[PDB]
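The same protein chain appears twice below, in two forms, each given on its own as structure tokens and labelled structure 1 and structure 2.
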Structure 1
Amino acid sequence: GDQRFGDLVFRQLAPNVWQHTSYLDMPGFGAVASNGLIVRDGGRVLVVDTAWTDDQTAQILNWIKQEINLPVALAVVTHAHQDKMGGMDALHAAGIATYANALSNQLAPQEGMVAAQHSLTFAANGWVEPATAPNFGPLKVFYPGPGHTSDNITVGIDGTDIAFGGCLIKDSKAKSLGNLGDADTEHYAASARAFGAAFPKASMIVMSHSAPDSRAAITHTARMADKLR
């Protein structure tokens, strides 16, 4: 099921949904996988997260051209770390409109990232303010609260059982919560639980650093995050 395309891996998760995986040899951490999503919505393609680098992100676009052959209407990125935003310049060079949490765009320079072109804002209940996410099709964007980072956002795919937790959620057998340098230790557990409650019917939880898992990923993540309080 894992289609190798250069140094990247693509896996179909549902009829109109694929996971993209790219790797970076991070000193002290090994060759770390990061996952994002590709969604076909009718005659256009929507991307969730870049790869780690511009070159890898350009290869995502190449794979899309070969396997889907429809224009990429937009990309949404889920926080201002390199695994999610490292390839912004490649999207811009391709003419693709980009979106991130306003706070991700604010943080991007100090995090070493290029900001997305458009800023999402969120209602008090966590759902994106719809005027800031126009033409998002089946992508349902939710801010669960600060957790992995202050700016982390999540995305459900309407018409599927899939919800994407990004770097907020770890798999149900993960040994730790990973990179906590920017984490909100007080609020992480509640934010993880809020993601689960926003997508109550999602049975396939996609995450940045592990293969897709069941809903046990959400409760295991929250349990690990309980230990940070």
Structure 2
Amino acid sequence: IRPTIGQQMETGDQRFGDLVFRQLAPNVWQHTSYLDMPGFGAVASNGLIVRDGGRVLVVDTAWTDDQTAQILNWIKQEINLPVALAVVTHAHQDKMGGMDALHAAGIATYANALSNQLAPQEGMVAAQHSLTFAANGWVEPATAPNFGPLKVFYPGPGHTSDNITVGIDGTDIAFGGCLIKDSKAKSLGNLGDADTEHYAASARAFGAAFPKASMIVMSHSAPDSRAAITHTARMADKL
């Protein structure tokens, strides 16, 4: 009995080690990893895995190197294709905590230049390559070679000064990272590094960058429809 990963994922989300995986589209999966906070519930963070022909692309690490190695084990077991590159979406632990695991696997890594400047100070590891964005927010294509379906956009400062977002061409999916929370969220999470003045505008900019994306994928909520974007901007309005 040798079903494909797609066939297996019809049963629903799949636990793998300490992670959870969910198929969002035929070649796109959401990875979820958890930070234990002693005496409280474990904090979930989501990223993406994209099968792009004969290679795999990753958006965001897990919280730690070990959890990120678990992601790479899942990819080997279920997809059995090489991981070419990763884009990581700001200098917080949930997004860049596992860079050492990616680098040791021979994966080429990319982050906002600002994320690469901030990370080492914070005890994290910079990505190998720096993305630069035009004033309009779109990544300068020269800094994002061979990204396949990934379309990288800097929406402005919000959740953090460096936060970036990723559309997946050929699908209904855009990844807001930690900028966007779902349409039922009571909180924007920890705003300690947030630009509270510009947050709402940056959430709006994300929605306007990916107008055809009907599935919004987020770090700290399950996937939602586009109402997540204006809900988040409403929660961020005049903080």
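The term rigid core refers to the maximal set of C-alpha atoms that superpose within 1.5 Å between the two forms. Only residues modelled in both forms are compared. Numbering for residues begins at 1 and runs along the sequence of structure 1.
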### Conformational change between structures 1 and 2, one of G43, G28, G181, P200, C-alpha moving 2 Å or more after core fit
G28
#### Entry: Cα displacement of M113 between structures 1 and 2, once the rigid core is superposed (Å)
1.4
### Task
After aligning on the rigid core, report the distance the C-alpha of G145 travels between structures 1 and 2, in angstrom.
0.2
### Task
Would you please work out which stretches of at least three consecutive shared residues show Cα displacements of 2 Å or more throughout between structures 1 and 2, after fitting on the rigid core?
26-30, 110-112
